[PDB]
Amino acid sequence: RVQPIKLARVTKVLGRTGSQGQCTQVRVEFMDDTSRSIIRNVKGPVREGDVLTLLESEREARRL
Amino acid sequence: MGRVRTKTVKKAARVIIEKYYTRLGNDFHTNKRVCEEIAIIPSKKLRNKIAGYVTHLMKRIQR
Amino acid sequence: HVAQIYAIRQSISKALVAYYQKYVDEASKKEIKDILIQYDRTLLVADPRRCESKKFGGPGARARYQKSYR
Amino acid sequence: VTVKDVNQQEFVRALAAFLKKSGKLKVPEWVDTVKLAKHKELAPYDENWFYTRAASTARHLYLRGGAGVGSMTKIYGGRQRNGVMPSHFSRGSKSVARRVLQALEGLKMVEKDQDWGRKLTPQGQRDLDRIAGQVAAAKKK
Amino acid sequence: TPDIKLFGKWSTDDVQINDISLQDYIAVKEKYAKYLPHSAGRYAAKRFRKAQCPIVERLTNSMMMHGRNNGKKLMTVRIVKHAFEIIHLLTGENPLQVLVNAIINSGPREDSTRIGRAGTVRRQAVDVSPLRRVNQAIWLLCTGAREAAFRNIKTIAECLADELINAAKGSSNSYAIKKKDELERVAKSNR
Amino acid sequence: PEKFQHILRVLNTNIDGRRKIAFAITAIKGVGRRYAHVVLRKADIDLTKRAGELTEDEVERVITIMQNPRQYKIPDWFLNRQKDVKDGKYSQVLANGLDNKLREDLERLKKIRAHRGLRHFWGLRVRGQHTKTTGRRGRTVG
Amino acid sequence: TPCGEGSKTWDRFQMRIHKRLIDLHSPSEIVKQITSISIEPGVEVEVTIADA
Amino acid sequence: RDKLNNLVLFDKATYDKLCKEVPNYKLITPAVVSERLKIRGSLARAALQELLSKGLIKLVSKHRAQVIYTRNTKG
RNA sequence: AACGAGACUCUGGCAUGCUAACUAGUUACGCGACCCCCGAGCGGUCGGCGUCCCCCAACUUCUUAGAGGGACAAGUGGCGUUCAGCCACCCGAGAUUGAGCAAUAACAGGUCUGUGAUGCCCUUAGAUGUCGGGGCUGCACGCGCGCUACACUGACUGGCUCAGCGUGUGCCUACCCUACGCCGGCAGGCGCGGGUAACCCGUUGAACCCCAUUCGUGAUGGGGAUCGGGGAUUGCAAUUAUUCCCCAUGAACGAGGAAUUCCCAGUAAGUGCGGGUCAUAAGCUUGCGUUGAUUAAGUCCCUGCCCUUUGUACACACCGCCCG
């Protein structure tokens, strides 16, 4: 939220979701500890080994 | 890619490897020229496919 | 005007390479070939792409006229 | 130099000036009533258009093997807006170009040469290349 | 390096990327320097192939829209030579560093999307690819100058160079940095 | 510099000193832009400055060079009117006389009562044009 | 379509002719000898008096 | 569209400001002179041509559709 | 086992290999001629720039068209039952450049106004088969395909600079494409000449583009509707203005509501040219080049289509059936 901006990187891509395939599920490692991992929903066309810029990590996702 | 080989290729490929078993290499180019000479092929493009599958069979048959 | 610039550039580049391969030696042109292909911009090959034919039922080679229902 | 070695936008604007300095050319009566091509909507911005067009005429005769009044017009023609109707190509005036070529020919820098069509006189070819090196000498190409 | 190419006036070294999340999606200096932003290019036929062509080239491509400027890419390079010139005089920075900052400050970090549930509109907040950030950021700042010069005495060159200053700074007096925060403001809400 | 004067009145229409000379003059009817870039050059004056920078001596000459164009050697084909019809000469018509001349030719074609004057009086297109899908305005539908 | 109706379709037809020429220099008798022999299919031939 | 009007001739104050804008401005184009003063763009075009003849400003780039001018290269 | 699918045919991308060229070029000098010192040098000489000159010169890279060759998931690494295949990568031009052709069964779909294809009925000398002049363009409305605009990433005026598919008299009963010279502001007129066409028009010196002037955010010079006056060309004839030209006249329009169309690489969009119809004439259609992006590498959400399972009071098939 108002906590410092986070950075987390892809470990694996899972598959595309959304109601037109518009969203992409991905599994990400938190890039400050690899024992911490969350699944996210990401809009853009992601690949492997890319880094993202999360504005929170309070949220936890698994589908929309 | 797409494209799975048709039945005309897989049918005749089997015949051609069986009766001229000892006349095949494991190279494309040699096996191409052989198929042209030991049999009629009604096209050139058709030959280039059937040769390549004849080659691919000959790899596994030695295992 | 544009396509002429790419043609003349591609020719003089290729001219230089061929000249060294033929009257000087292999290692002469090998260096020069490596330099060009680093910043390749089709400096040793020709662009395959050319225009595709117009087929009826629309302008252009892929666009279609408007279709109205009722 | 050869006129090829120097800039050509610069060449003409100095060749026009040469003629106008030397008292050269015979100029038509019509010079403030002239559209200067069919497709144009307005008269020239410049009164020295006769001198200007004679520059560009003489330049082309050096390059290509020379041809008649028809070909000169074809070089000059451009696009014609037709308002609501879509554009077309057209070829400009004739009687202006026929006076241009005849005025040059009056100084004997052009001439109706072999196979019925204008060609540039050897004296003419001399004078082009004479100021052609003055351009390169002046600024520096 | 001993044959280092400029833009014909600008260094492609001394160009920083201030993210680790956007470096290697900015292309400006690995060997991507060129004297012009015109090429035959390959921007298609494989998904990962867009990120391999310069940022300066991408910029020229993305500012030629609205149905009368298409097929006039040569006019577009005229606008780019003036743009960088004005940016360098105006603040003093190498005008590529300006552009890289302008991209990094304008990219949205979360965006919303649609989901159909119960026959009523629900929205979901989601994140974004690095490749998405770049595509968006190049679009947005170019939209400002395109709009501004559409009935003004000011020319397109002047408008575009002004917009890259206010983007490269955190000023928030631009069409880009306005709209960036608008999107994030939605993404907080329906998070 | 040159603060001397601005907007002025000339024959039948008020002409601003704000605009360039040629384009300023065009507001007067019977004079287009094409007609003005000629007449200025016959008068041998600049067209590269404003209309408010002309002096009274200069503009006095302008109207003379305008209203006797044949006598200052502007060709006959370049005029508005060649053999008006039933007046017997080449003529050049300017602002308030243009309207008077125009209204005559309308009246004439209803005098004889050709196809022309009938189409005029009915308020329908004179020239070969379809009126089925043209004009509109309109309203009153079924 | 005879009498327009249905989607607008067209059809490209083409005929390709071929021309080619052999230059000889020899006596005109032996030419007309060798010309007239060994021709069976529908193929046209045109003999010329002289050329520069 | 809006209603606006610009001055198509010079005045005292225009000339005096014209001399003093120079060391203060890095960019000077006719468009920027349109805004800072109330002056027409073609008037402003020629106004800057005058200054260049004095050597107060320096040309740095030229085009059909734009002209750019700089200070005195003193920072 | 058969048909459709692919296979096939045409088209595009790859050959300094083969075959051979005054209706295609190049190179090489010989050059002599012109030209300028234009470059080393001096102006000579040597070289550069193109044209005539070129050959019984040399050659076929460029242009042309024939036979051949080349591309196979072939190679490598993953993945798969280790099968069929799939993904990435090497090599190199990636196995997919685009069309043509296209099944069974069906529709009361369109066409008797293409047919001397055709049934039946009708009419037939006061003719439904010929001449003269008129109409198919007539306008309170409504709707569809398009064209041009609302400007400054522009208009205007000069200057610079690049293509491709074709077509052409000798045909029907009568007609072509045009160089060149002259006259005219223009439209155009007039005098001569070539072309049955890789030969002549035409090295088709096209447009946007490019460079420099002018205009200045103003319904302005943006826009060119409407309309006045005049000149040409075609035809037997131009009135309801065939077409073209000249001057004048100077409207709506300031980026578009509810909705909705089309498109994935030389593709969209900008931009011009040839053919078709043609005595005169493309805002149409059909082909051709030139300039040339953004965005996706997905999904079944909507619209629709294919296959399986299931339910049915439906079979005129949900645009169905049926109740008070």
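(A) Structural view of the packing of helix α4 (residues 95-111) of chain F against helix α5 (residues 115-122) of chain F. All names here are of chain F. Interhelical geometry of α4 versus α5 gives an angle of 115 degrees and a closest axis separation of 7 Å. Taken together, α4 and α5 sit at an angle that is classed as roughly perpendicular. Relative to α5, α4 is oriented so that their crossing is left-handed. In this structure, α4 contributes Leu106, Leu109 and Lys110 to the contact, and α5 contributes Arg116, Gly117, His120 and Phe121.

(B) Spotlight on the interface of chain E and chain A. Listed per partner, the contact involves 24 residues of chain E and 26 residues of chain A. Summing both sides of the interface, chain E and chain A together bury roughly 2300 Å²; the carbon and sulfur share of this comes to 51%. Of all residues in chain E, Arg114, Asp127 and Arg191 of chain E bury the most surface against chain A, accounting for 24% of the area lost on that side. The salt bridge involving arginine 59 of chain A is made with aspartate 127 of chain E; its shortest N-O contact spans 3.5 Å. The tally of links between chain E and chain A comes to 19 residue pairs in polar contact. If you list the elements that add at least two residues to the side of chain E that touches chain A, you get β1 (111-117), β2 (120-126), α4 (130-148) and α6 (175-189) of chain E. With five residues, β1 of chain E is the single largest residue contributor to the side of chain E that touches chain A. Tallied by class, the residues present in the side of chain E that touches chain A amount to eight nonpolar, five polar and eleven charged.

(C) The arrangement of the nonpolar core in detail. Within the largest apolar cluster, 44 residues are counted, with the highest numbers of intra-cluster contacts made by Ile55, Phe84, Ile87, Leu99, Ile103 and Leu164 of chain E. Those elements giving two or more residues to this core turn out to be α1 (55-61), α2 (73-91), α3 (95-104), α4, α5 (156-168) and α6 of chain E. Take this core: its biggest share by element is eight residues, from α4 of chain E. With sequence-adjacent residues up to four places away left out, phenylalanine 84 of chain E is seen in contact with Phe7, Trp10, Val56, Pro95 and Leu99 of chain E. Membership of the second largest hydrophobic core comes to 28 residues, among which are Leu19, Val110, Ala132 and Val135 of chain D.

(D) Layout of the packing of helix α2 (residues 28-38) of chain B against helix α3 (residues 45-61) of chain B. Residue and element names in this part refer to chain B. Contact geometry of α2 with α3 gives a least axis separation of 9 Å together with a crossing angle of 120 degrees. Relative to α3, α2 is oriented oblique. Judged by the twist between their axes, the crossing of α2 over α3 is right-handed. Of α3, the residues touching α2 (which contributes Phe28, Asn31, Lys32, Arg33, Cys35 and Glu36) are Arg47, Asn48, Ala51, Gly52 and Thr55. Class assignment of the residues belonging to the contact of α2 with α3 gives a composition of three nonpolar, four polar and four charged.

(E) Layout of the interface of chain F and chain D. Between chain F and chain D, the residue contacts involve seven residues of the former and ten residues of the latter. Of all residues in chain F, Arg33, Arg34 and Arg41 of chain F give up the largest surface area on contact with chain D, accounting jointly for 68% of the area buried on that side. On inspection of chain F and its partner chain D, the count reaches zero salt bridges. At the boundary of chain F with chain D, the tally comes to one residue pair in polar contact. Partitioned by chemical class, the residues of the side of chain F that touches chain D number three nonpolar, no polar and four charged.

(F) Spotlight on the side chain of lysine 29 of chain C. Residues and elements named next belong to chain C. Structurally, the position occupied by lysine 29 is in helix α2 (residues 26-38). According to the relative accessible area criterion, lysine 29 is buried, its value standing at 10%. Apart from residues no more than four positions distant in its own chain, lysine 29 is found in contact with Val17, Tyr20 and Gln21.

(G) Broad picture of the environment of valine 100 of chain D. Residue and element names in this part refer to chain D. Inspection of the secondary structure assignment puts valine 100 in helix α4 (residues 95-106). Judged by its relative accessible area of 1%, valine 100 is buried. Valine 100 sits 38 residues away from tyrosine 62 along the chain, and the two C-alpha atoms are 16 Å apart. Beyond its immediate chain neighbours, meaning those up to four positions away, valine 100 contacts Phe50, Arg53, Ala54 and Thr57.

(H) Summary view of a nonpolar patch on the surface. A contiguous nonpolar surface patch, about 230 Å² in accessible area, is contributed by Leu7 and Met31 of chain A together with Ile20 of chain E. Locating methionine 31 of chain A in the fold gives a position in the loop between β2 (23-29) and β3 (37-42).

(I) A look at α2 of chain E. Across its 19 residues, α2 of chain E extends 28 Å between first and last C-alpha, which sits within 8% of the 27 Å expected from 1.5 Å per residue. Among the residues of α2 of chain E, those classed as buried are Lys73, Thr76, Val77, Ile79, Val80, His82, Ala83, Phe84, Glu85, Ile86 and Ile87 of chain E. Close packing links the buried residues of α2 of chain E with α1, α3 and α5 of chain E together with β1 (58-62) and β2 (67-70) of chain H.

(J) The protein's contact with RNA strand I, seen in detail. Surveying the vicinity of RNA strand I reveals 199 residues, the closest of which are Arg136, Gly138, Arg139 and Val141 of chain F together with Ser42 of chain H. Counting only the atoms of RNA strand I that lie within 4 Å of the protein, the sugar and phosphate share comes to 72%. At a separation of 3.2 Å, a sugar or linking oxygen of RNA strand I approaches a polar side-chain atom of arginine 16 of chain A. Between RNA strand I and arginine 137 of chain F there is a distance of 3.3 Å, counted from a phosphate oxygen to a backbone nitrogen or oxygen. Here the surface near RNA strand I gets seven residues from one element, more than from any other, and that element is α3 of chain B. Tallied by class, residues from the surface near RNA strand I come to 57 nonpolar, 61 polar and 81 charged.

(K) Molecular detail of unusual backbone geometry. Across the junction of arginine 137 of chain F and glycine 138 of chain F, the peptide omega takes the value 0 degrees, indicating a cis bond. Within the secondary structure, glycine 138 of chain F sits in the segment after α5. A positive phi angle, near 65 degrees, is found at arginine 70 of chain C, a position not held by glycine. Secondary-structure assignment places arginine 70 of chain C in the segment after α2.

(L) The arrangement of the pairing of strand β4 (residues 117-120) of chain D in detail. Residue and element names in this part refer to chain D. Strand direction decides the pairing type here: strand β3 (residues 110-113) and β4, joined by four bridges, are antiparallel. Paired with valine 110 across the bridge in β4 is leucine 120. Where β3 hands over to β4, the hairpin turn is made up of three residues, of which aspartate 115 adopts a positive phi near 65 degrees.

(M) A look at the sheet that holds strand β4 (residues 51-52) of chain A. Residues and elements named next belong to chain A. Here we have four strands laid out as an open sheet, ordered β3-β2-β1-β4, and antiparallel in their pairing. Looking along the sheet, the strands with just one partner apiece sit at the ends: β3 and β4. Relative to β4, strand β1 (residues 8-17) is paired through two bridges, and the arrangement is antiparallel. Within β4, the position partnered with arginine 9 by the bridge is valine 51.

(N) Summary view of the pattern of salt bridges. With the rule as written, the count across this model stands at 29 salt bridges over all chains. Notably, a salt bridge pairs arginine 191 of chain E with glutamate 56 of chain A, separated by 3.1 Å at the nearest N-O pair. Highlighted residues: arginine 191 of chain E in the segment after α6 and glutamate 56 of chain A in the segment after β4, drawn from two different chains. With a relative accessible area of 32%, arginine 191 of chain E lands in the partly exposed category. A relative accessible area of 1% places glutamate 56 of chain A in the buried class. A salt bridge links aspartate 105 of chain F to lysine 101 of chain F; the nearest nitrogen and oxygen atoms lie 3.4 Å apart. Of this pair, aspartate 105 of chain F and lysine 101 of chain F both sit in helix α4, four residues apart, which is roughly one turn of the helix. Among the charged side chains, a salt-bridge network with shared partners connects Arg40, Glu56 and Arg59 of chain A together with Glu110, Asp127, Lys188 and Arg191 of chain E.

Rules used throughout
Residues numbered from 1 in each chain as written, not as in the entry; some residues may be left out. Chains lettered and ligands numbered in written order. Part of a larger assembly, values for the part shown. Heavy atoms only, no water. Axes fitted to C-alpha atoms, helices over the stretch in contact; angles between N-to-C directions. Helix = DSSP H or I, 4+ residues; strand = E, 2+ residues; numbered from the N terminus. Parallel < 35°, antiparallel > 145°, perpendicular 65-115°, else oblique. Left-handed = near helix turned anticlockwise from the far one by under 90°. Contact = heavy atoms within 4.5 Å. Buried area = accessible area lost by both parts, 1.4 Å probe. Salt bridge = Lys/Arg side-chain N within 4 Å of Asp/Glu carboxyl O. Polar contact = N/O pair within 3.5 Å; in protein donor to acceptor, adjacent residues only side chain to side chain. Nonpolar A, V, L, I, M, F, W, Y, C, P; charged D, E, K, R; others polar. Core = buried A, V, L, I, M, F, W, Y, C linked by side-chain atoms within 4.5 Å. Buried < 20%, exposed > 50% of the residue type's maximum accessible area, 1.4 Å probe, protein only. Patch = residues over 30% accessible without salt bridge, like charges linked within 9 Å, V, L, I, M, F, W, Y side chains within 5 Å. Areas by Shrake-Rupley, 256 points an atom, 1.4 Å probe, with all protein chains shown as cover. Expected span 1.5 Å × (residues − 1). Near = heavy atom within 4 Å. Pairing = 2+ DSSP bridges.

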